[PDB]
Each structure stands twice: as structure tokens, then as C-alpha cells.
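Structure, as C-alpha cells:
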2 protein chains.
Amino acid sequence: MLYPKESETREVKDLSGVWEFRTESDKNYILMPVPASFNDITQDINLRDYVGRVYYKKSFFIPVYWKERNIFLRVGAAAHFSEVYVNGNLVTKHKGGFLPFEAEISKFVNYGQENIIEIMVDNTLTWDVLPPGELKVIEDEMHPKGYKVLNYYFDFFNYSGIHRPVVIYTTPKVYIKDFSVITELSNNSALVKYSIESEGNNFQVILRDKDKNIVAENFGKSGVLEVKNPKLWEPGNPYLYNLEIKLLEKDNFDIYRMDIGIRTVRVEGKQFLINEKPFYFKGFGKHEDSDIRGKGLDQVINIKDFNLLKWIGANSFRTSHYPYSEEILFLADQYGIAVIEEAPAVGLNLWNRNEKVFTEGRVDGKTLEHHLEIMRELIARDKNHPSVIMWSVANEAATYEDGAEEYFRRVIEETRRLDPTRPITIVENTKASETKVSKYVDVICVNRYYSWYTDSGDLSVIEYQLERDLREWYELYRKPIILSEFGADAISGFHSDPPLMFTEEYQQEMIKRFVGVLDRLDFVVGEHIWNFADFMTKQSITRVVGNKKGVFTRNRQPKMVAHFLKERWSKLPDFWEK
Amino acid sequence: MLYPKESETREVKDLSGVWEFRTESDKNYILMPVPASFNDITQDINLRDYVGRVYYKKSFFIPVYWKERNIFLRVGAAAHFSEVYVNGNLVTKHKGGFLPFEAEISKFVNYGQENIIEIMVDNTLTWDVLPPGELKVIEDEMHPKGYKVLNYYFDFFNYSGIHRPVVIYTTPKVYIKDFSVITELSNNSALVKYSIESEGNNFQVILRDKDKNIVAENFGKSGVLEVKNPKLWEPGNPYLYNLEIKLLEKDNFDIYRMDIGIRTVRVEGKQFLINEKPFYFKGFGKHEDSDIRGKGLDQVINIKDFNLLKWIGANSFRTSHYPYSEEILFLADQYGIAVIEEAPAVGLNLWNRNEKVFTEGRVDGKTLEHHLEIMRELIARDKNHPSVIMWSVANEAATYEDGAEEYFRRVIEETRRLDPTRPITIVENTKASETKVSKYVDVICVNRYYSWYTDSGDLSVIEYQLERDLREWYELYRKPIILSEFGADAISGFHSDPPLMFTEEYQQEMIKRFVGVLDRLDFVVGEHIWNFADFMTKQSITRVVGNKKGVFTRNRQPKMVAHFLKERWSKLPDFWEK
Ligand SMILES: [Cl-]
Ligand SMILES: [Cl-]
């Protein structure tokens, strides 16, 4: 499914705005913005911590002239289970809170009249949705009848609601359903190879440069476009060409356009190559999180975040720990930021080797089935973005378990089959010698928190422990390694010398000592600090109103270590043969 | 008067601790620690803001064996007017809140019995005490009968109380009253020249090195001690010799010891020479200020402050804006920190050229008389500390006024007469071409706040304005220049990019741009940032609970710019021929 875009042949109507909202088995509505998480909008603590079904409702008018058009209703994201009703008719259901879903609804609309859309969203986690969790009953001596808790083991808050825009769009009855683009370098040219999915068959395809000059054209539902003297897309030079696809049939006419970038990505030895040059990742793990709206899409915050990425000198980030909005990937295309996009397989770990995760009752064949469908949906959505340069299949799963090996072999095999054009990783906090899964990926991503979660407060252990660990990863697997997470919680304004945990000084010193180690290791091709910004988590005595490891505050202002990273990364080239 | 020190011939009894305390015309006492300001000790807002007389009271016992000894009662400091009573007898009065005073009290004590000391302290400012102020009656339409305000124009809070220790000490009836030491370099030796003040006349004087080896000796009330192969005192090498003075008479025997340092100080051209090498000041304006105790002496805070000075790489500070406790100068001697010690002539300015300061009714002959007595008391107290390397006669007086010229000519002339061994400065915020006073000093000290108090928020003006200004100071006066103050208020934890006033970023960027200018000017011999730490001021819409220009918080932890200064100053030598 293609991102909804207006053209000569397609209308788009955005239903974002103020909706009516209620919780299960309640008749009274309140007002609720869309897109947004509902948790922080009100002062009702029982809604903040609500677990169950909520219902959104809105009126909309369909123009009579949309008859004899396809009418699609698209929901960008709703966490985690959703059902969509048009005038009381169920038009689609969806499982998974971080990818879009849509249905054709012309059969159910009142033309030239009022219509009602209702969207049910259920935030109840189970062990066969990603990320997983479990609702548990607690009726003991200290809890009243009916006390229940939603348990989950990922470290970000279970925000719920409609997190990305709801839109209605039209197409002709015979229309461009999808297309695939692959770019190759050939002699002094680039090739853009394409295939179009449609019931139609007569297509003209045109490629235009930045100045609207036509640089290539082809008649054909599949084909190759040759670009002589191409300008390649890469961090530091985000050149985009505009691909125009025109269906020209007897009764149907359809146009779809997308900006694409010409680049190659390849792993060879201990090098991560973009356009055949050795890349060095400088960046962050991020989160879709901001004040008040929770996980809701906000283009103000998105553009602010990319300007901060360019300001600090980052060239990349990982979409920890789930696919982000398409909007963020289009921006990464424009700004020239390399993206590792990650499936929502986070929380597959009970920090305890006595509780097994990959076992009947928890992560099983049903979870695997969902994970495989997720990879198919994710690659289908994002396969044409130049900014996505790697897929991450999971974050900190219990990869030391025997059952994790067969599980992830299947996930990894399916991902590569779906997209052979990008490398694959998995983000590990398991010990190097214990993971049964990292031997199957292209690039190793390791999260390490020496002197924070272990030997807390003792910065002196970092060089000893980190160098020994990373050398063992390389000795066992002989793959490029990204230090995919490291950092320390810092309360803005907490200062100390000597540095103490939770101060800005400790965060900067820890990060500084980690990267001094990486500079001595020629097989380390990247550093991603956790996290870009402070974000909300569930409440616990270990979380000082959320996770405070941001390099920026939640309102997008820098802590001390942001300036250290700006100075370091201004000296580090994007392409660096270590 | 010499600092009270125990020896074979002298006892010291410290009366610090818990005293009884009351305000004027009130019979009920509360408890009050000494030394401390009384303002922040209680939760009584009317005592915090009290103006008038307060009374301290304490019992003490004199041993019968102190008969036929001199018994001295010393008050380290009490702001600003004080009277001392022993068993109801007035033994001394004192004017000025930052220098010690004492009296011989054997005539008034009950030997082997209880005694009562009472100390009255008055914090009411006038135009003939330093620093000056004025109590004003405000009985208009919006103020009730009896509303009064203490107006003053210096930017630190008018803390009051007994700020330094009260002690009683004994001496023999014929005793060492004072001594003067001057050090010179001669061939490969150093000379320590001395004169002793006493009714006695037979003296043996011995000088010992760090390991208690005797390196020089002399019999004589005046004389010269030769030190072959001297180890000189300087920042980065604080070598101290111990001077022992022994009075040996028929009926009287007295010993006094003091650590001294061998160093010379001299201004020549645009150079400030210590031990004939070109010094570069790296440091701060400080304040005697800390949480809860106000201006009270606290040796924990003092030692913490010197360890921070060494940690950040500072080699100097100015005692803005008054003499500090003797304790701090003994520590500066031990740590090797160069001190510019300043008289309390601050607040001689009504930021307004229509209100004249040096005029009948304000700063006049009575103020001058007090200022001259202050310089005599200050040099008499501190003349033998190696750490004091310069006297500052005032801070930000209205030196553009005609009347300021005659006033300060007399102050400067008297200071040089009292101590020809150290250079003299005055700290200016007047425009270079307008001051009528800086032409009379040895070193120029200028306070500049471009982009803070003027063109607020615009960091881009700094290089243009500061370089032009400092070149004009040098062109007019041809003297070495210290940038004696510059900085910005920063709330700990306030961050922004781009930098905004009151953020840690703005403070660091402003300071960074100022010192980049100084590095290009070979006549600038010093940089002192305002301030070492956040300190309290009177309340106003311009003061966010005090002055927030500290590089350290009030609890002595670093802000962002502290780390910038540590890195800069670790690269700058103490002795630097620019
Ligand atoms: Cl974390
Ligand atoms: Cl100031």
C-alpha cells in the first residue's frame, strides 16, 4: 500500500482533528485529538492507566462526485488491535500498533451526505502481538476484587490511541496499487529498475532531477531507467529524483509520484558500504514520543528533530523499537539521514534466566506468524525509501535460549527473501558467547551499559570491559559491529564533580570513555547513543518520570553531552576507512 | 594585630558555637550560631529583612592562671557597626563589617568565674561606611506609617551578624605585637627582611624549611635572614617557610610563628611579573557566601573552594568586594593561589549620571576618612601573606565624576605609602575615556558584560565591541589589563539551542567568545570570570533568587562552562609571555 498522495487523478481528505472518544461500555463521549495517544490528554488518571477498548467517532461528508471512484480509508497507526466501522459496517481489522491499514469503503458510504466513522482501539497486550505483554489478575490479601495489571517488559510506556493520521483518499477504478524500485550503479550511469502492480498495463514512467528536467523515461509496466551522470543519495548529499508513474488506459487514467534516491548498500568484511564507500554511523536510538501527545505524529516535532540531527552532526538513527511513521522516513530521505528500521520485537525477555521466553505459553508459533506478517507489511511499506539502509529484526530478545535460534532463523530468512537489497541486523544485549542468533545476521548491533547497570558509578571499568567485549564479538562473528546503545540517565540541571550517576557530567564522561574505546577498533563501524531524547516509560522506582538517558530533553533542548557529541562528530567524516 | 595562634607562650579559646541572640528593645532571646549571618537561620521573615541593632550573648569562664597575662578579645568580623561588652563594660567599638577588632579585657574579667560577653551589631548602612547605603522613610499614599527601606547599590545581599570567629587569647605582658616581612631576591639567595613591634627588645628569629631544617637565623628586633638556594612561592609551587620569632627577656618570654612565602611582584610595561616571570591570571571574582550561613566563615566551604580552584585550573581570584577572612588568605598561601584583595568601596555608584555620588550628602570627606582607615587596617592585617599580590581600592565606583578624582588620588596615594611592595588597581565599569581614576593605578581592571546588560541576547556583538574597548584602554593608559569581570546568569538545568539568556549554553558561549578576544591582545594579562559561584542579593525583578552568574552552583557543583574553563586553563600556562 502506497502513501496517500494527491495528484491530477487522486484526492486526499485528512480526517485528523477533534474526534469524539469514549471507553468500553460507556455512553458519554469526551473530545480527543487525532492523531495522539489518549493517555496524557485528560486529567483522568483512570484513563491515563486504562487497559481495554476505546472508541473514536467522527462525522464526514463524501462528495457525490466520488461515485465511480475507489474510496480508501487509511489509518496510519493504532496501538495495538483495531476495528474500523463506516456507518456501522466493519470495513477492516488490524493487529499491530505501528503499521498502517486500509480498506475500500465505497460500498458503505452515503454519497453527498453525512457519514460516521468509528474506530475501536484495544491496548491489551498478549504474547502473540509485538511488542508482547500479558494482562494478569491479582486477587490476593492486599488487592481488592478485580485488581488487574498489564505486565510488559519493554522500556517505553504503553501509550495507546490513534497515533498517525486517518485519511480518506480516492483513486480511479483501475489504478497504481504499488511499485518497486531498485537502484544499481553501472559504468558511469545509474539504473532505476521498476515494476508496477496494477490491473492496468499501459504505463509511462518519467524520472526528473531537482530542477524538473526529465533525465529518463520508459513505456512499460516493468523496466529500467538509465540516469547518465547520476547524483547519488547519501548522508551529507541527499539528492532525490522524482519518479512519475502514469497509467494510460481507455477508461482509466492515474498518476502517482514519489521522490527516490539512487544509492547502494552492501556489507563486505568489516565494512558497511554506502555507494561503495566505508560508512561510519553517528547517531541515536530514537522513540516516537513527545510531551502531551505521547506517540502521536507531529510534524513540528519531526522537523525540529531532523534539524537537531543535522546540528549535532548525526548521520543516522535506529527506529527503536518499532516502525516509525512514513512521514519520518520521507523526512530522512530529504535530510540525508540513514535509518535502521526495526520491527516491534522488543520485550521478548524476562530479565531472568529461570523464566523462558521462547516457549509454549509465551513467544511461540503464533508470535512467529505475527512477526513474519509484520516484516512483510514493513518492507511493503518502506521498500522504496533511500533512507532505510538496514532492517533490525528485534531488540534485546532472549537470544541465549535454544528456542530463540529456530524462531529468528525463520524471521531472518523471510526478511532476506522479502528484501535482498538491504543488510539485516538484530540488536543484542546478550553476551557474545551466549547468543544463538547473531551468527545469522549481516551486522552486529550490541547494547552495552558498563558502569551504569553494572558496576554502577564506577567509570574506571569501561575501557577494560568494553574493549574485551567488543573484541570477542568480532573474534566470534567476523562482522562489522555497531555499538547500538550506550548511555546514562541524566536529570537536566543535576551536576556534580566528581561525576555521580544521574548527573549531566556522568552521562558525558561515560559516553566519552565508550567512544574512545571504539576509535581503537577498526571493526566498529558505528556509535548510536541511547537515547536521542528523554521519553516516557511505565512507572517504577528505576524510572525518574520516564527514561532520562536522552541527549536532548523531551522538549528538544540539549544536555551537556549534546555539545560533546557535536564537537566529536564535526571531526568525524561520514565515510571513514578505519 | 596578628592572627591569634597558640604557642608555648599563648593560649587561644574559641568562643564560636551557639550564642543567645535578640533584636533591639526585645527581652526574649533565641539561639544563634556564631560565626554566621543571622538572616537565613530562622523562618522569621522579619528577622531575615531586619534593619537595626541585634545583640549576641554568651557565658565564658576565665582560668585563674590567666592573671598576670594579657587577655585579648578578638572579633573576626561583624557587619557593619559593633560594640563589645565584657560583664557590661564596653571594651571596644568598631566600624566596618569585614575586618577584625580586639581589645585587652583583663581589667574587666572575673578570674576563675563566669563572665558574660555581649556583642551589639548594627547593619544600618550610611554614606560614610563602606559599603555605603541609606535608610529612607517612605510614608506616602501607598505605604503605612513607619515604612522604611534600607537602600544600597552594591549587588550582594546585606547579610549581617558575627561573620568570623570570636576568640579570646593570652599573651605575656611584654609580647610580640606585630611584625613586618619583606622578601627580596639577591644573586642566588633570597632575603627575608623583618622588623618586630614590641615593648621588648631581645629577639631570636629562625626560619625553617618544609622539613623543619633551620635555614637562617638572626638575633635582633630588626634584621635580614639569608636563604641560600631558596624555593620561591608562586602559583603552581606554593613553597612556605616557617618564621619563628622568640622574645627572650628577663621576666617575659613569647613565641609567635607564621608560614611565609618568598616571592616578588612587579609591574613593568604590559607585564605583571611574579618572581620576574610574566604571569597570566586565570580565575574568579568570589564572594563570602554560602547556603544558610550567609557570609559566615566555614572551613569546610573554604577547603572545598580551593580544591575546586585547583581542579578547574585557576591560579588566582579577587576578594570581591571586601577583605575576606584571614583563614582564606592562609589557605591561598598553602594552595598557591594569587589574590587581589579589595577594599569594601563597592556601591559608590547610582547607575544614573544625574545622581552624583562624590558630593556633599553622599561620598564625602567622612567616607574618605573611613576608606583611608580601612586601607591601613587591611594592609596591617594582610601585609605578610605571600598570596596577596595586589590591592584593589574600589569596584565600579562613579569614576567619571570630577569629585572621584581627588577622592581616589588620596586613597591610592595612602595605599602606596602603606605598602610599596605590591601593585595597586581599581576595578572599573566606566568607559575608558571617561574614568578620571584609572590613570593613577598600576594595572587596569575592567568589567565588561557585552551581550548581557547591553544588546541582551546578541552574542554576535562581542568580538566587535570588546576588542575595540580593550584596545582603547591600552592606547589611553599603556598598562597591563585584566578583564576582571564578565559572565552571564545561568539557571542550572536551563538549556537551549540556539543559546538564550539564562541558559548554561549562553553563559558558556559568551565566556568563550570573550576569551577568544583576549588571546589576540598581548597587553591583556588576565581573565577573571564573574562569579565563582551563585550568591545571594537583595530581591529585585532582575535577580532570580540572587546572582546566578556563578560558574559553580551555590552548593559548589559545576555548570557547563566550568568544564570549558577547565579545558582552556589546563592548556594555558601560569607564566605566559604574550
Ligand atoms: Cl536504558
Ligand atoms: Cl553581575
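Residue numbers begin at 1 in each chain, while the letters A, B, ... track the order of the sequences. Quick note: numbers below take in every heavy atom, side chains included, and nothing from hydrogens, waters or symmetry partners.
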Check: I379(B) main-chain N/O paired with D419(B) side-chain donor or acceptor under 3.5 Å: no
How about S189(B) and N187(B): does a side-chain donor come under 3.5 Å of a side-chain acceptor? no
May I ask you to check whether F203(B) and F219(B) place their ring centres under 6.0 Å from each other? no
Sorted by first residue and then second, give each salt bridge (charged side-chain N to carboxylate O under 4.0 Å, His left out) pair with at least one member in residues 201-215 of chain B; sequence neighbours left out. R208(B)-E244(B)
Main chain of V167(B), side chain of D14(B): is a donor-acceptor contact present, judged purely on distance under 3.5 Å? no
Please answer whether the main-chain N or O of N555(B) pairs with a side-chain N or O of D291(B) as donor and acceptor at a distance below 3.5 Å. no
Judged by atom type as modelled, is there a donor-acceptor pair below 3.5 Å linking the side chain of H371(B) to the main-chain atoms of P344(B)? no
Regarding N547(B) and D534(B), do their side chains bring together a donor and an acceptor under 3.5 Å, going by distance alone? no
Step by step, work out the ring pair (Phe, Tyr, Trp, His ring centres under 6.0 Å) result for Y29(B) and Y55(B). CA-CA 9 Å; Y29(B) 289 94; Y55(B) 303 82; 8.9 Å; no
Distance, nearest 0.5 Å, that separates OG of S180(B) from NZ of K193(B): 13.0 Å
Check this for me: does any side-chain nitrogen of one of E102(B) and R381(B) sit under 4.0 Å from a carboxylate oxygen of the other? no
State whether the number of non-hydrogen atoms from other residues, nucleotides or ligands found under 6.0 Å of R416(B) atom CZ is greater than 12. no
Should the pair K366(B)-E369(B) be classified as a salt bridge under the 4.0 Å nitrogen-to-oxygen rule? no
Are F108(B) and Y85(B) an aromatic pair by the rule of ring centers under 6.0 Å? no
Look at the side chain of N70(B) and the backbone N and O of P172(B), then say whether any donor-acceptor pair between them is shorter than 3.5 Å. yes
Answer yes or no: is there a side-chain heavy-atom contact under 4.5 Å between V339(B) and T319(B)? yes
Surrounding CD of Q299(B) (heavy atoms of other residues, nucleotides or ligands, distance under 6.0 Å), is the total greater than 12? yes
Show the nearest heavy-atom pair for residues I176(B) and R10(B), with the distance to one decimal. O-NH2, 2.8 Å
Please confirm whether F535(B) and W530(B) have ring centers closer than 6.0 angstrom. yes
Electrostatic pair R318(B):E341(B) at N-O distance under 4.0 angstrom: no
Let me know which of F154(B), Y322(B), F98(B), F532(B) forms a ring-ring contact (aromatic ring centres under 6.0 Å, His included) with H287(B). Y322(B)
Between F317(B) and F284(B) (judged by ring centroids, cut-off 6.0 Å), do the two rings come close enough to count as a pair? no
Compute whether any side-chain donor of one residue and acceptor of the other, for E413(B) and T415(B), lie under 3.5 angstrom apart. no
Decide if the gap between the ring center of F330(B) and the ring center of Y3(B) is smaller than 6.0 angstrom. yes
Verdict with reasoning, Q557(B) to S496(A), per side-chain hydrogen bond (donor to acceptor under 3.5 Å, both in side chains): CA-CA 5 Å; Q557(B) 299 305 328; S496(A) 81; 4.9 Å; no
Separation between CG of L130(B) and CG of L348(B), rounded to the nearest 0.5 Å: 6.0 Å
Are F157(B) and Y152(B) near enough that their ring centres are under 6.0 Å apart? no
Would you please indicate if the ring centroids of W391(B) and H385(B) are separated by under 6.0 Å? no
Between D574(B) and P235(B) the two heavy atoms that sit nearest each other are OD2-O, 3.7 Å
Distance-only side-chain donor-acceptor flag, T42(B) / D44(B), under 3.5 Å: no
Please determine, by modelled atom types, if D254(B) and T9(B) share a side-chain donor-acceptor pair under 3.5 angstrom. yes
Are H163(B) and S37(B) close enough that a side-chain donor and a side-chain acceptor fall under 3.5 Å? yes
Verdict with reasoning, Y335(B) to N307(B), per side-chain hydrogen bond (donor to acceptor under 3.5 Å, both in side chains): CA-CA 9 Å; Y335(B) 275 86; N307(B) 291 335; 2.6 Å; yes
Testing the 3.5 Å rule here: is there a donor-acceptor pair between the side chains of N315(B) and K282(B)? no
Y159(B) and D289(B): side-chain donor and acceptor closer than 3.5 Å? no
Could you verify whether a donor N or O on one side chain and an acceptor N or O on the other, from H80(B) and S160(B), lie under 3.5 Å apart? no
So that I can tick it off, tell me whether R257(B) and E8(B) are bridged by a salt bridge, with the cut-off set at under 4.0 angstrom between side-chain N and carboxylate O. yes
Could you check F253(B) against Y175(B) for ring pair (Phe, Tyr, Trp, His ring centres under 6.0 Å), going step by step and ending with a plain yes or no? CA-CA 8 Å; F253(B) 172 58; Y175(B) 66 109; over 10 Å; no
Salt-bridge contact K173(B)-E249(B) (side-chain N to carboxylate O under 4.0 Å): no
Using a strict threshold of under 4.0 Å (side-chain N to carboxylate O), is an ion pair present between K58(B) and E20(B)? no
Rounded to the nearest 0.5 Å, how far does CD1 of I260(B) lie from CE of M258(B)? 8.0 Å
Side chains of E11(B) and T170(B): any donor to acceptor distance under 3.5 Å? no
Rounded to the nearest 0.5 Å, what separates atom CG in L308(B) from atom CD1 in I303(B)? 12.0 Å
Could you please spell out the steps behind the side-chain hydrogen bond (donor to acceptor under 3.5 Å, both in side chains) verdict for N218(B) and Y194(B)? CA-CA 10 Å; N218(B) 196 59; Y194(B) 73 87; 2.9 Å; yes
Expected output: side-chain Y50(B) to main-chain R53(B) donor-acceptor under 3.5 Å: yes
Inter-residue atom distance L273(B).CG - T264(B).OG1, 0.5 Å rounding: 8.0 Å
Approximate separation, where rounding is to 0.5 Å, of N201(B) CG and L248(B) CG: 12.0 Å
If a pair satisfies salt bridge (charged side-chain N to carboxylate O under 4.0 Å, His left out) and one of its residues is in residues 302-316 of chain B, list it, with sequence neighbours excluded. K286(B)-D305(B), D305(B)-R556(B)
Which heavy atom of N275(B) sits nearest a heavy atom of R263(B), and at what distance? OD1-CA, 3.1 Å
Hey, is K538(B) close enough to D49(B) for a salt bridge, meaning N to O under 4.0 Å? no
Please check if the side chain of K221(B) supplies one atom and the backbone of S198(B) the other of a donor-acceptor pair under 3.5 Å. yes
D40(B) bridged to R48(B) by N-O distance under 4.0 Å: no
Pair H94(B)-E377(B), side-chain donor/acceptor within less than 3.5 Å: yes
Closer than 3.5 angstrom, by distance alone: can the side chain of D442(B) be matched with the main-chain N or O of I424(B) as a donor-acceptor pair? yes
Ring centre gap for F38(B) and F21(B) strictly below 6.0 Å: yes
Counting heavy atoms not belonging to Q113(B), are there more than 12 under 6.0 Å from its CD? yes
